[PDB]
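Only one structure is covered here, and it is reproduced in the block below.
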Amino acid sequence: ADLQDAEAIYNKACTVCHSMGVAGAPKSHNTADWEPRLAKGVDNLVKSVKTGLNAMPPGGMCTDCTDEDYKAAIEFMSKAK
Ligand code: HEC
């Protein structure tokens, strides 16, 4: 839609599952949900999201979304998933 704000990207996109924790989704704010992700790194997730997990659409429900906004959307929450 528009990647003018990393907040607006997660709050428009990662806002159906991760907001409340639906479809078994990992919480928008956690430490133990993010710990096992921050063990390997960060980008390891930006690839998974752009790829689409099982319950996730291929491309994190995005289209023209650049790593700057994508990573910023992940890092808004913490710095991993
Ligand atoms: C449902 C409609 C989802 C939307 C929209 C997004 N995500 Fe998601 N995510 C969802 C589920 C059910 C899960 C599975 C949890 C698991 O067991 O792996 C996830 C997982 C992720 C992960 C991986 C977490 C892990 O521990 O491996 C990441 C990195 C992640 N999701 C990021 C992410 C972002 C940034 C999204 C918006 C661009 C997004 N997800 C949308 C369900 C859904």
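Some observations on this one:
Quick grid of which residues meet (1) among the aromatic types (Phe, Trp, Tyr); (2) within 9 Å of the ligand (Cβ to nearest atom); (3) surrounded by 11 or more Cβ atoms within 10 Å (Cβ to Cβ):
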position	(1), (2), (3)
18	no, yes, yes
26	no, yes, yes
31	no, no, no
44	no, yes, yes
58	no, no, yes
64	no, no, no
78	no, no, yes
81	no, yes, yes
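- Candidates 71, 27, 50 - the one that is on the phi < 0 side of the Ramachandran plot and either without any contact (Cβ under 8 Å) to a residue 12 or more places away in the chain or in contact with a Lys or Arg (Cβ under 6 Å, 6 or more places away or on another chain) (or both): 27
- Residue match in segment 54-68 (condition: of a type outside the set (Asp, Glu) and touching an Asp or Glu at 6+ places or on another chain (Cβ under 7 Å)): no
- So residue 22, is it near the ligand (Cβ under 10 Å from one of its atoms), loosely packed, with under 12 Cβ neighbours inside 10 Å and over 15 Å from residue 78 (Cα atoms): yes
We did not get these values from a lab; they are worked out from the coordinates using the rules stated. All Cβ positions, even for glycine, are placed from backbone atoms using ideal geometry, and neighbour counts span all protein chains on display.
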